[PDB]
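Have a look below at one chain only, the form deposited in one PDB entry, in structure tokens format.
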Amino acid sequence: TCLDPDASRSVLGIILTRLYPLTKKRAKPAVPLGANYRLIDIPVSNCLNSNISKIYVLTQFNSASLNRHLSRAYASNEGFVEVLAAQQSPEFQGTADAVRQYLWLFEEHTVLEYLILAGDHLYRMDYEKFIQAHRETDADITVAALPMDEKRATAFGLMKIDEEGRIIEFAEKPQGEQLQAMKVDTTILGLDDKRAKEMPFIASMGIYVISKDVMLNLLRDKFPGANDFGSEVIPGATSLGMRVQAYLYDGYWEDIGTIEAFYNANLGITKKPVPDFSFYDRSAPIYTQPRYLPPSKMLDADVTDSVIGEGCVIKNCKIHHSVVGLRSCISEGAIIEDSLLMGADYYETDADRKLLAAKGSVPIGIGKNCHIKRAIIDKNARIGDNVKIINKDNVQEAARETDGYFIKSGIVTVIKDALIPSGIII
């Protein structure tokens, strides 16, 4: 394991509506995660921990907030972390189109490979072993691959490789007879019969190492009309007989690109005796903006199976199987269950409270005697007293933006900065 030239100067990292309404009024890479983070911290941290310092973040539109976070957490710390926006304002586009739109600029860098990191996932990876496999196999394109169960199988592009890991057959989210014809022996990649039997597939993780020249050729010369890397470029590449290599990844990897997946993965960090995924790691930790928030205060909290973010201010309440984000105010008598509180971007001066109260408005936080269950409370929500978010009738889907929320997969998501009046029941 020893890249040469090191990744620092020869690899350009490129990070690329199912999360509605967390993306209603913010850039998607900025969506808060794990109490003290944002989605963008996963790929940016993995790069930095893998000695990759040249990072472009492709996104739909610029955001002062996103920039502030990137600037304060990384940019001010040879490298760079720059945002490239697709349009000039916030009023769809494929993975291949996103990269093609800026190819002209990526080509301006003197690098050997492009490390393409698409989609939103929870995982820690040392991209150096990825880049190394790519260079040792003289690959044109290398795809990180994960052992998949027949279950989730058709939701990912699947592949078959030779004893070298060279991809010989790629089949996008196949089904029926082809979903069966792709099934391969997952022992050759180390796994054992037991689980080689439960996960009989090699699935693309949607991240790739692609040789500089190969990229230009593929996106502009060979497949100028392709929109997706997964379903068009990769397949295209293989049919042209290019060297498409597979790199077996064997750690935790969760898609959090949908409300329910996001929800589940966030609450998974509360698991014992070890979280599913650990943001902290002595060697490769996930970073974020340093904030100097004070230690969390708890007046009288019975907390079970939960994690508490930075600088929370909690009264007498009950918190169960939840994630409480930074700067969360939880008032007297609240009960928090199986929920993700994203917290707040600032504190209200208390004096501020006794003022909003006079006006009959509600302050940031979970109001008194609230009952929040199976929910996502986005940043700065103002939940009035006696609000009950329980969705008794187990409604699966409901678009209620006007009332401050949106239900997806039965999970109620209160919108950023929304006010849920006192007494409301959802």
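Rigid core: the largest C-alpha set superposing within 1.5 Å between the two forms. We number the residues from 1 along the sequence you see.
The segment from residue 16 to residue 17 is interrupted, since 4 to 9 residues of the deposited sequence in that interval carry no coordinates. Coordinates are lacking for 4 to 9 deposited residues between residue 77 and residue 78. Stretches compared: 125 to 133, 158 to 166. Higher mean C-alpha B-factor in the entry: 158 to 166.
Mean C-alpha B-factor is higher over 59 to 67 than over the other stretch, the pair under comparison being 59 to 67 and 29 to 37. Each of 216, 143, 99, 105 has a CA temperature factor in the record; the biggest one is found at 216. Reading the B-factor column for the CA atoms of 321, 151, 243, 109 in the entry, the top value corresponds to 151. Split the chain's modelled residues into thirds by C-alpha temperature factor. Residue 378 is in the lowest one. When the modelled residues of the chain are ordered by C-alpha B-factor, residue 386 sits in the middle third.
In the deposited entry, the Cα temperature factor of residue 357 places it in the highest third of its chain's modelled residues. Ranked against the other modelled residues of its chain, the C-alpha B-factor of residue 201 as given in the entry falls in the highest third.
Ranked against the other modelled residues of its chain, the C-alpha B-factor of residue 285 as given in the entry falls in the middle third.
Separately, the form deposited in another entry exists; it is not shown, and the next lines address it.
The comparison between this form and the one not shown, aligned on the rigid core, picks out a single residue among 261, 85, 188, 303 whose CA moves by 2 Å or more, and that residue is 188. Taking the rigid core as fixed, one finds a CA shift for residue 278 smaller than 2 Å between this form and the one not shown. With the core superposed, residue 206 shows a C-alpha displacement below 2 Å between this form and the one not shown. Superposition of the core reveals a Cα shift of 2 Å or more for residue 178 between this form and the one not shown. Compared with the form shown here, the C-alpha atoms of residue 189 and residue 131 sit at least 3 Å closer together in the other entry. In the other entry, the separation between the C-alpha atoms of residue 397 and residue 152 grows by 3 Å or more relative to the displayed form.
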